[PDB]
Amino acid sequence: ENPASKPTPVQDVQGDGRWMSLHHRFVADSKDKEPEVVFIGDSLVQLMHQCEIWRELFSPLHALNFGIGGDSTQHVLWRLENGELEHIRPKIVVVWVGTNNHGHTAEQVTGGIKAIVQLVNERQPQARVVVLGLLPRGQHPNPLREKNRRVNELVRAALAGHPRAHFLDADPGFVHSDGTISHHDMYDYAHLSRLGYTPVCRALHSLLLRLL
């Protein structure tokens, strides 16, 4: 099995059960709401809801944010299969996950992303799927840069043949000429600040409005 596309919850090894509380909240959201767009993935999704203005660009679109810090692809897959696509009929599902798949090869993470697009195509066949490219990370050149770039090539070539699956690279050019990422964009060289969110989100908003 590709471990990236084998659905599995995050096991609580800390004791406060917060991942499963998050999941149950999103399930109840889906039971009770009628979104047109659902956002799912890791803390880049999750933190957009606070840390960026989601209210001005995305709230009008009738959007649920189901981001969980730390999730890998298999975690998202599990969540989509275990209640978060129930009782809804979005027009669009936005997927942003894969940068936390540590210990998986790029091909494996790509296999994880392809399994999420497949699940969404089966459980919510009317929806378009948007997959965001994995962003660069690390202050200087490093192997996760090259990993996430390779994921992005492989995913883009996989989605090229899919009428209603869209690859979006939302990277404005966070890697500079000197090879560096600025902490003004990414305060810890991976998570975006308000400034790093702005151009990402407006690339996303523009794609969403054409589609919608």
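One rule holds for the numbers: they count along the sequence shown, beginning at 1.
A summary of the deposited B-factors shows that, of 196 to 204 and 20 to 28, the stretch with the larger mean C-alpha value is 196 to 204.
The stretch with the higher mean CA B factor, choosing between 121 to 129 and 70 to 78, is 121 to 129. The maximum CA B-factor among the listed residues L44, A165, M186, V151, taken from the PDB record, is found at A165. Among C51, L144, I40, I181, the highest C-alpha B-factor in the deposited entry belongs to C51.
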